[PDB]
């Protein structure tokens, strides 16, 4: 029984219910994330920006099966082309817009990675990706507005690959947290 989350705290409680089991109802999780109306006062604690790149800010450690975090994208900040390490990955916009570009998994032969498609993710929308869908790059192309997004991963993961757009060659990257539960973790 999916009800509208009243607050971020309410959302988190509902997510603990949705991940109480071993499997994941993707459409239900996405629906609930989209139904939470972003309220900046509730997540200001986690919205810690860096001038030079986007930051990842742990919000909830989950129940063993998922992590919830907030990413803060300065004007012009973007990601690598990357994968999600066999996890579900939900992305909900809390503030601003992000551009998502989809790429196919490369073949072993060195080749330019060509965009499959692209879309604009707008405030309060929730997108979903997994490795079966493809790879992606996420970017704040705004010159004037910072973006903030809410990310849910299940299972949690702390490494992934970055892909060279020119060749499709990949390398493993360790994921770090800029803060945890509102506390800066240098």
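Numbering follows the first chain given and starts at 1.
Annotation for 60 to 68 versus 134 to 142: the higher mean temperature factor (C-alpha) is found in 60 to 68. Checked against the record, the higher mean CA B factor of 102 to 110 and 86 to 94 lies with 102 to 110. Residue-level inspection of the entry shows that, of 42, 50, 28, 118, 118 has the top Cα B-factor. In the deposited entry, the Cα temperature factor of residue 13 places it in the middle third of its chain's modelled residues. Placement of the Cα temperature factor of residue 154 within the chain: lowest third of the modelled residues, per the deposited record. In the deposited entry, the Cα temperature factor of residue 160 sits in the middle third of values across the chain's modelled residues. The deposited CA B-factor of residue 4 belongs to the middle third of values across its chain.
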